[PDB]
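Source file: protein.cif (mmCIF, C-alpha atoms)
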data_input
#
loop_
_atom_site.label_atom_id
_atom_site.label_comp_id
_atom_site.auth_asym_id
_atom_site.auth_seq_id
_atom_site.Cartn_x
_atom_site.Cartn_y
_atom_site.Cartn_z
CA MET A 1 39.86 50.81 -19.13
CA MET A 2 39.11 47.73 -21.24
CA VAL A 3 36.12 45.74 -20.01
CA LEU A 4 34.96 42.40 -21.42
CA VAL A 5 31.24 42.01 -20.79
CA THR A 6 29.81 38.46 -20.83
CA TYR A 7 26.02 38.29 -20.67
CA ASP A 8 24.25 35.00 -19.86
CA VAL A 9 20.68 35.08 -21.01
CA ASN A 10 18.29 32.36 -22.16
CA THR A 11 17.58 33.05 -25.83
CA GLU A 12 14.93 30.34 -26.19
CA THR A 13 12.27 33.00 -25.47
CA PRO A 14 11.39 36.18 -27.38
CA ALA A 15 11.80 38.22 -24.15
CA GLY A 16 15.26 36.73 -23.65
CA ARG A 17 16.30 37.64 -27.18
CA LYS A 18 14.94 41.18 -26.68
CA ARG A 19 16.95 41.77 -23.57
CA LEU A 20 20.01 40.60 -25.53
CA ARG A 21 19.26 43.21 -28.24
CA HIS A 22 19.09 45.94 -25.61
CA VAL A 23 22.24 44.88 -23.86
CA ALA A 24 23.97 44.76 -27.27
CA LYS A 25 22.56 48.16 -28.27
CA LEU A 26 24.05 49.57 -25.11
CA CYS A 27 27.44 47.88 -25.18
CA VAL A 28 28.21 48.66 -28.84
CA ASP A 29 28.23 52.39 -28.12
CA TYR A 30 31.35 51.71 -26.01
CA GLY A 31 33.20 49.22 -28.15
CA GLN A 32 32.56 46.09 -30.14
CA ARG A 33 30.36 42.96 -30.20
CA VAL A 34 32.79 40.09 -30.83
CA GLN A 35 30.23 37.22 -30.22
CA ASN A 36 26.41 37.19 -29.75
CA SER A 37 26.62 38.08 -26.04
CA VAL A 38 30.31 39.00 -25.56
CA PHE A 39 31.54 42.60 -25.88
CA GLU A 40 34.95 44.24 -25.85
CA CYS A 41 34.29 47.69 -24.44
CA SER A 42 36.17 50.83 -23.61
CA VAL A 43 34.87 52.87 -20.65
CA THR A 44 35.92 55.57 -18.24
CA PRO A 45 35.12 54.71 -14.59
CA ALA A 46 32.12 57.11 -14.72
CA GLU A 47 30.85 55.43 -17.91
CA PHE A 48 31.27 52.03 -16.28
CA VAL A 49 29.09 53.06 -13.28
CA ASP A 50 26.57 54.44 -15.76
CA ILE A 51 26.61 51.20 -17.77
CA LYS A 52 26.25 48.97 -14.71
CA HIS A 53 23.35 51.12 -13.72
CA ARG A 54 21.54 50.85 -17.06
CA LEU A 55 22.35 47.11 -17.44
CA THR A 56 20.62 46.41 -14.08
CA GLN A 57 17.36 47.85 -15.45
CA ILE A 58 17.55 45.93 -18.77
CA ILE A 59 18.39 42.49 -17.44
CA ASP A 60 16.24 40.09 -15.45
CA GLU A 61 18.48 39.73 -12.36
CA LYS A 62 16.81 36.51 -11.13
CA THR A 63 17.61 34.56 -14.33
CA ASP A 64 20.33 36.49 -16.19
CA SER A 65 23.85 37.36 -15.10
CA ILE A 66 26.59 39.68 -16.35
CA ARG A 67 30.31 39.28 -15.70
CA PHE A 68 32.88 41.98 -16.28
CA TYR A 69 36.57 41.16 -16.87
CA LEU A 70 39.01 44.01 -16.76
CA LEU A 71 41.92 43.09 -18.93
CA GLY A 72 45.01 45.40 -19.13
CA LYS A 73 46.60 46.92 -22.24
CA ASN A 74 48.07 44.45 -24.76
CA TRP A 75 44.76 42.55 -24.24
CA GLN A 76 44.45 42.29 -28.07
CA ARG A 77 47.84 40.50 -28.15
CA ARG A 78 46.28 38.06 -25.57
CA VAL A 79 43.22 36.81 -27.51
CA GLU A 80 43.13 33.65 -29.70
CA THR A 81 40.20 32.20 -31.71
CA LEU A 82 38.41 29.29 -33.44
CA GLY A 83 35.22 29.44 -35.70
CA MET B 1 48.11 29.60 -16.77
CA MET B 2 44.57 31.05 -16.70
CA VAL B 3 42.45 31.16 -19.81
CA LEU B 4 38.89 32.41 -20.20
CA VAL B 5 36.90 30.51 -22.77
CA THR B 6 33.75 31.99 -24.29
CA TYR B 7 31.65 29.85 -26.59
CA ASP B 8 29.09 31.26 -28.97
CA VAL B 9 26.58 28.64 -30.11
CA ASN B 10 22.85 28.88 -30.86
CA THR B 11 21.01 26.93 -28.11
CA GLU B 12 17.49 27.13 -29.63
CA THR B 13 18.05 23.81 -31.39
CA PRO B 14 18.95 20.38 -29.89
CA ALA B 15 22.13 20.37 -32.04
CA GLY B 16 23.42 23.58 -30.49
CA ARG B 17 22.54 22.42 -26.97
CA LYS B 18 24.47 19.17 -27.62
CA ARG B 19 27.59 20.99 -28.77
CA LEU B 20 27.43 23.24 -25.74
CA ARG B 21 27.18 20.28 -23.37
CA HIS B 22 30.05 18.62 -25.14
CA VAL B 23 32.20 21.77 -24.86
CA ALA B 24 31.09 22.00 -21.24
CA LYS B 25 32.17 18.44 -20.48
CA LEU B 26 35.63 19.13 -21.93
CA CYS B 27 36.18 22.54 -20.33
CA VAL B 28 34.93 21.52 -16.91
CA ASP B 29 37.94 19.14 -16.68
CA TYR B 30 40.18 22.23 -16.41
CA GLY B 31 38.19 24.82 -14.53
CA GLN B 32 34.66 26.11 -14.14
CA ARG B 33 31.48 26.86 -15.95
CA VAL B 34 30.89 30.36 -14.56
CA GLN B 35 27.93 30.99 -16.86
CA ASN B 36 26.13 28.81 -19.31
CA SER B 37 28.77 29.17 -22.09
CA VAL B 38 31.69 30.75 -20.32
CA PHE B 39 34.46 28.82 -18.63
CA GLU B 40 37.31 29.89 -16.41
CA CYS B 41 40.13 27.39 -17.09
CA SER B 42 43.55 26.58 -15.46
CA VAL B 43 45.90 24.92 -17.90
CA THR B 44 49.51 24.00 -18.69
CA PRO B 45 50.86 25.02 -22.17
CA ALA B 46 50.51 21.34 -23.16
CA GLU B 47 46.95 21.12 -21.77
CA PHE B 48 46.07 24.33 -23.71
CA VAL B 49 47.25 22.84 -27.00
CA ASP B 50 45.38 19.53 -26.61
CA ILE B 51 42.12 21.34 -25.61
CA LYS B 52 42.30 23.75 -28.55
CA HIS B 53 42.69 20.64 -30.73
CA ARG B 54 39.53 18.93 -29.39
CA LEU B 55 37.32 22.02 -29.27
CA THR B 56 38.13 22.39 -32.95
CA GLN B 57 36.57 19.04 -33.74
CA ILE B 58 33.53 19.53 -31.54
CA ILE B 59 32.19 22.90 -32.72
CA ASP B 60 30.44 23.80 -35.99
CA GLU B 61 33.24 26.14 -37.32
CA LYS B 62 30.84 27.89 -39.75
CA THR B 63 28.18 28.96 -37.22
CA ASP B 64 29.98 28.85 -33.82
CA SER B 65 33.05 30.54 -32.26
CA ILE B 66 35.42 30.26 -29.29
CA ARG B 67 37.54 33.06 -27.86
CA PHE B 68 40.33 32.34 -25.49
CA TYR B 69 41.41 35.30 -23.39
CA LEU B 70 44.74 34.82 -21.59
CA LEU B 71 44.14 36.34 -18.19
CA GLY B 72 47.21 37.78 -16.40
CA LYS B 73 47.94 36.54 -12.86
CA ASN B 74 45.71 38.16 -10.25
CA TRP B 75 43.00 38.22 -12.91
CA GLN B 76 40.62 37.40 -9.99
CA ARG B 77 41.26 40.90 -8.59
CA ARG B 78 39.70 42.08 -11.87
CA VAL B 79 36.30 40.30 -12.26
CA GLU B 80 32.99 41.88 -11.18
CA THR B 81 29.34 40.91 -11.54
CA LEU B 82 26.17 42.89 -11.48
#
Starting from the coordinates I provided, produce the structure as C-alpha cells.
Amino acid sequence: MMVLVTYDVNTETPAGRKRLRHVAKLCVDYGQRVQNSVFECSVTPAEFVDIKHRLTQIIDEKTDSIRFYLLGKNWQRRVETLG
Amino acid sequence: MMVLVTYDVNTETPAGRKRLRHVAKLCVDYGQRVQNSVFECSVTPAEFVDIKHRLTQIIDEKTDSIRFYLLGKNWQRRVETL
C-alpha cells in the first residue's frame, strides 16, 4: 500500500535534527524522501507494523508526531507542486 | 474537495519562521494546521486556484517547496498517527 509519512519535529536542536536523520534513514528503505520530513513509501501491512514499531522508538512522543496518509493507486496522478 | 498541503521550509532562521507563519495564516482559512507545516484543506476548484497563486508569491521558490495531495473522499478513513 502507498503510505505518505509526515514527521513533525523541531529541527532547531541538534537532537531534533538527529531524530529526523534516523526517521529518514528508515523511511527511504521503503520509498522516497520528497521533502525534508515527508516520505512517499511503499509497505506491506507487516512492514507497516514493523515501521510503526521502530518509529515509536526513534521519535520523542511527547514533542514529535507522525501522521500516515494512505493514498490509493493513481496517487502520483494526484500530486501537484511549487518550489 | 480535500487537499493536503505540506510545506518544506527551514525554521532555524527568523525568515523561514516568518514564511511558515504566513503560509499558516493563508491555509488556516481553508482547513487545519494538523502539524507545524502540514495543513488539511477543504476547497472549491476556484479557491484552490487562488490559493496556489498566493502561496507562490509567499514562499522562497529556490529553497522551499509545497506539495498538494488531492485526497479522495473518505480520506479520513485513511489517516493514522503513532
Where does chain A meet chain B within 10 Å, residue by residue, with the nearest atom pair and distance in Å to one decimal for each, counting only C-alpha atoms, listed by chain and rising number, as JSON lines?
{"residue": "A:3", "atom": "CA", "partner": "B:79", "partner_atom": "CA", "distance": 9.5}
{"residue": "A:4", "atom": "CA", "partner": "B:79", "partner_atom": "CA", "distance": 9.5}
{"residue": "A:5", "atom": "CA", "partner": "B:81", "partner_atom": "CA", "distance": 9.5}
{"residue": "A:6", "atom": "CA", "partner": "B:38", "partner_atom": "CA", "distance": 8.0}
{"residue": "A:7", "atom": "CA", "partner": "B:35", "partner_atom": "CA", "distance": 8.5}
{"residue": "A:8", "atom": "CA", "partner": "B:35", "partner_atom": "CA", "distance": 6.2}
{"residue": "A:9", "atom": "CA", "partner": "B:36", "partner_atom": "CA", "distance": 8.5}
{"residue": "A:10", "atom": "CA", "partner": "B:11", "partner_atom": "CA", "distance": 8.5}
{"residue": "A:11", "atom": "CA", "partner": "B:12", "partner_atom": "CA", "distance": 7.0}
{"residue": "A:12", "atom": "CA", "partner": "B:12", "partner_atom": "CA", "distance": 5.4}
{"residue": "A:13", "atom": "CA", "partner": "B:12", "partner_atom": "CA", "distance": 8.9}
{"residue": "A:34", "atom": "CA", "partner": "B:67", "partner_atom": "CA", "distance": 9.0}
{"residue": "A:35", "atom": "CA", "partner": "B:8", "partner_atom": "CA", "distance": 6.2}
{"residue": "A:36", "atom": "CA", "partner": "B:8", "partner_atom": "CA", "distance": 6.6}
{"residue": "A:37", "atom": "CA", "partner": "B:8", "partner_atom": "CA", "distance": 7.8}
{"residue": "A:38", "atom": "CA", "partner": "B:6", "partner_atom": "CA", "distance": 7.9}
{"residue": "A:52", "atom": "CA", "partner": "B:82", "partner_atom": "CA", "distance": 6.9}
{"residue": "A:53", "atom": "CA", "partner": "B:82", "partner_atom": "CA", "distance": 9.0}
{"residue": "A:55", "atom": "CA", "partner": "B:82", "partner_atom": "CA", "distance": 8.2}
{"residue": "A:56", "atom": "CA", "partner": "B:82", "partner_atom": "CA", "distance": 7.1}
{"residue": "A:59", "atom": "CA", "partner": "B:82", "partner_atom": "CA", "distance": 9.8}
{"residue": "A:61", "atom": "CA", "partner": "B:82", "partner_atom": "CA", "distance": 8.4}
{"residue": "A:64", "atom": "CA", "partner": "B:35", "partner_atom": "CA", "distance": 9.4}
{"residue": "A:65", "atom": "CA", "partner": "B:82", "partner_atom": "CA", "distance": 7.0}
{"residue": "A:66", "atom": "CA", "partner": "B:81", "partner_atom": "CA", "distance": 5.7}
{"residue": "A:67", "atom": "CA", "partner": "B:81", "partner_atom": "CA", "distance": 4.6}
{"residue": "A:68", "atom": "CA", "partner": "B:80", "partner_atom": "CA", "distance": 5.1}
{"residue": "A:69", "atom": "CA", "partner": "B:79", "partner_atom": "CA", "distance": 4.7}
{"residue": "A:70", "atom": "CA", "partner": "B:78", "partner_atom": "CA", "distance": 5.3}
{"residue": "A:71", "atom": "CA", "partner": "B:71", "partner_atom": "CA", "distance": 7.1}
{"residue": "A:72", "atom": "CA", "partner": "B:72", "partner_atom": "CA", "distance": 8.4}
{"residue": "A:75", "atom": "CA", "partner": "B:69", "partner_atom": "CA", "distance": 8.0}
{"residue": "A:76", "atom": "CA", "partner": "B:69", "partner_atom": "CA", "distance": 8.9}
{"residue": "A:77", "atom": "CA", "partner": "B:70", "partner_atom": "CA", "distance": 9.2}
{"residue": "A:78", "atom": "CA", "partner": "B:70", "partner_atom": "CA", "distance": 5.4}
{"residue": "A:79", "atom": "CA", "partner": "B:69", "partner_atom": "CA", "distance": 4.7}
{"residue": "A:80", "atom": "CA", "partner": "B:68", "partner_atom": "CA", "distance": 5.2}
{"residue": "A:81", "atom": "CA", "partner": "B:67", "partner_atom": "CA", "distance": 4.8}
{"residue": "A:82", "atom": "CA", "partner": "B:66", "partner_atom": "CA", "distance": 5.2}
{"residue": "A:83", "atom": "CA", "partner": "B:61", "partner_atom": "CA", "distance": 4.2}
One residue among A:1, A:18, A:48, A:28 is nearest to residue 60 in chain A when using all atoms listed in the file, and that residue is A:18
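In this model, the gap between CA of residue 16 in chain A and CA of residue 33 in chain A comes to 17.6 Å.
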Just to confirm, what's the straight-line distance from CA of residue 1 in chain B to CA of residue 43 in chain B in Å (one decimal)?
5.3 Å
Between CA of residue 58 in chain B and CA of residue 39 in chain A, what is the distance in Å, rounded to a tenth?
23.8 Å
Option closest in space to residue 73 in chain A, from A:41, A:51, A:2, A:15 [counting all atoms listed in the file]
A:2
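Residue nearest residue 19 in chain A within the list A:32, A:58, A:50, A:40: A:58 [criterion: smallest interatomic distance, only C-alpha atoms].
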